[PDB]
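All remarks here apply to the structure that follows.
Computed from the coordinates by the stated procedures, all read-outs in this text should not be read as laboratory data. Because the Cβ atoms are built from the backbone with ideal geometry, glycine has one as well, and the counts that use them run over all protein chains shown.
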Amino acid sequence: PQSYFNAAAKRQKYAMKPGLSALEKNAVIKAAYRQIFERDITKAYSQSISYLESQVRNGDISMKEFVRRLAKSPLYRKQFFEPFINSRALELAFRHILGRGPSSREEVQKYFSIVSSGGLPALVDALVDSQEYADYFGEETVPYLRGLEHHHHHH
């Protein structure tokens with residue numbers, strides 16, 4: 001059949017460990033763009049990217065910070081916050097930073113207040129800076145998504 005994943009087995013989590021070599025860091029940072037934005041960014045974005053990429057490669061900032069920066073990008077707002085309902089962009093924010101999705105109905109509604117007040121910047125800030133989520137997924141590890149294929153096209 002047509003899918004062409006076949007044996008694309010992703011247990012390989014991209015952990016920015018303070019003690020990685022240069023090439024290893026390039027992989028983890030590239031994959032940070034690929035996990036958060038699904039890879040679809042202009043390279044002429046730069047400047048902010050260039051700084052923060054040098055910092056996470058310098059071990060100045062960790063991947064918890066770097067992922068906040070990427071999931072605070074104007075592109076990541078414009079593609080989800082506006083064309084799609086906030087509740088969907090909200091689920092997507094949990095589905096990225098937690099690398100899985102939301103679970104409790106209360107949780108979804110609580111952070112819905114946060115996305116209604118300060119938008120996706122304040123939402124993603126609340127998700128990464130929280131001690132519980134910084135403990136669960138970790139601060140070195142890039143949010144690798146569980147995915148769970150949800151694409152029932154046609155209605």
Failed item in (1) among the small types (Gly, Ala, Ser); (2) out of contact with any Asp or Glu (no Cβ under 6 Å at 6 or more places or on another chain); (3) surrounded by 15 or more Cβ atoms within 10 Å (Cβ to Cβ), with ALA22 passing the rest: (3)
Selection from the stretch 33-64 of residues that are assigned to a loop (DSSP other than H, G, I, E, B), of a type in the set (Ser, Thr, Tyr), farther than 12 Å from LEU75 by Cβ and free of Cβ contacts under 8 Å to residues at least 40 places away in the same chain: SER46
Unique residue being farther than 17 Å from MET63 by Cβ and crowded, with 17+ Cβ neighbours inside 10 Å when the list is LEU123, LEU127, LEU98, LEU148: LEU123
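Confirm whether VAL128 is of a type in the set (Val, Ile, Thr) and under 12 Å from the mean Cα position of the chain (by Cα).
The answer is yes for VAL128.
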Options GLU149, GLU91: the member that is within 15 Å of the chain's Cα centre (by Cα) and acidic (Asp, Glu): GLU91
Of all residues making up the stretch 5-32, the number that are under 21 Å from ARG69 (Cα atoms) and in contact (Cβ under 8 Å) with a residue 60 or more places away in the chain: 9
Condition check for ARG39: surrounded by fewer than 15 Cβ atoms within 10 Å (Cβ to Cβ), under 24 Å from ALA22 (Cα atoms) and of a type in the set (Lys, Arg): yes
